[PDB]
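The chain contents come next:
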Amino acid sequence: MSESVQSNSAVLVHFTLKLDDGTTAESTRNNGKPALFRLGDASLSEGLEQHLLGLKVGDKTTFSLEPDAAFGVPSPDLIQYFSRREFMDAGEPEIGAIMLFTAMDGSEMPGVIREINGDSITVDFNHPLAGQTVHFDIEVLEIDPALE
């Protein structure tokens, strides 16, 4: 069912993302919060899956990946236009100014204010530190049942 990792099967993971300086681009282990990696183009791209296969539960593996296969492609789909009136309480925002914003899951995601319009604010929720090659460690804590 989910004894070992397979293509299009999700995994419960504790991981951390490291730059060449070994800098933490993203953590999902130090925060004490695990995450699930949805295999099969369900959330992550095949590139990540294709390097995760063959491992078993209770093991951990470190591997490198292209941006798309890591933090994915930056996503204009999250772009949302709010009013300046919504930002004024925190000061009128700037063009190309990325400030930490608040998702529904409470998660504070980076948000690049793309442009400032006289009545409206151009917001741009892009992804994590994507668009660059990053080294990450990934643990197999438990594998999600493949009901294929």
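About the cut-offs
Residues numbered from 1 in each chain as written, not as in the entry; some residues may be left out. Heavy atoms only, no water. UniProt positions renumbered as here; feature names shortened; annotations may be inferred. Pairing = 2+ DSSP bridges. Helix = DSSP H or I, 4+ residues; strand = E, 2+ residues; numbered from the N terminus. Salt bridge = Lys/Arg side-chain N within 4 Å of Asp/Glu carboxyl O. Buried < 20%, exposed > 50% of the residue type's maximum accessible area, 1.4 Å probe, protein only. Axes fitted to C-alpha atoms, helices over the stretch in contact; angles between N-to-C directions.

For the protein chain, the PDB entry supplies the name FKBP-type 16 kDa peptidyl-prolyl cis-trans isomerase and the organism Escherichia coli. Here the PDB entry title reads "NMR solution structure of the two domain PPIase SlpA from Escherichia coli". What UniProt states about the protein chain under its Sequence similarities heading is, verbatim, "Belongs to the FKBP-type PPIase family."

J.: What should I look at first to understand the pairing of strand β8 (residues 108–113) in this one?
T.: Both faces of the sheet carry side chains from a regular strand, because those side chains alternate between them. Here six bridges tie strand β7 (residues 97–102) to β8, and the two strands are oriented antiparallel to one another. Along β8, the bridge assignment pairs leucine 100 with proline 110. The antiparallel hairpin formed by β7 and β8 contains five residues in its connecting segment, where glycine 106 sits at a positive phi of about 65°.

J.: What's the story with the pattern of salt bridges in this structure? I'm lost.
T.: Within the structure shown, the criterion is met by five salt bridges. Ionic pairing is found between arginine 29 and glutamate 139, a salt bridge with its closest N-O pair at 2.6 Å. One end of the pair, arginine 29, is in the loop between β3 (24–28) and β4 (35–37); the other, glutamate 139, is in strand β11 (residues 134–139), and 110 residues separate them in sequence. We classify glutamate 139 as buried; its relative accessible area is 13%. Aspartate 119 is the salt-bridge partner of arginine 85, the closest N and O atoms lying 2.6 Å from each other. Placement of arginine 85 in the loop between β6 (81–83) and β7 and of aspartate 119 in the loop between β9 (115–116) and β10 (120–122) is noted, with a sequence separation of 34 residues between them. One connected set of salt bridges, linked through shared partners, spans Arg29, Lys60 and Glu139.

J.: Sorry, what's going on with the UniProt feature "domain: PPIase FKBP-type" in the protein chain here?
T.: Listed under "domain: PPIase FKBP-type" in the UniProt record, and renumbered for this structure, are residues 2–72. The distance from the first to the last C-alpha atom of residues 2–72 is 25 Å, and the span holds 6% helix and 30% strand.

J.: Help me understand the sheet that holds strand β5 (residues 60–65) in this model?
T.: Within a beta sheet, neighbouring strands are joined by backbone hydrogen bonds and run either parallel or antiparallel to one another. Taken in spatial order, the four strands make up an open sheet running β3-β2-β11-β5, and their pairing is antiparallel. Only two strands of the sheet have a single partner each, and these edge strands are β3 and β5. Pairs of neighbouring strands in the sheet enclose a mean axial angle of 15°, with direction left out of account. In terms of strand pairing, β5 meets β11 through six bridges, oriented antiparallel. Looking at β11, one finds that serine 64 is bridged to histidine 135.

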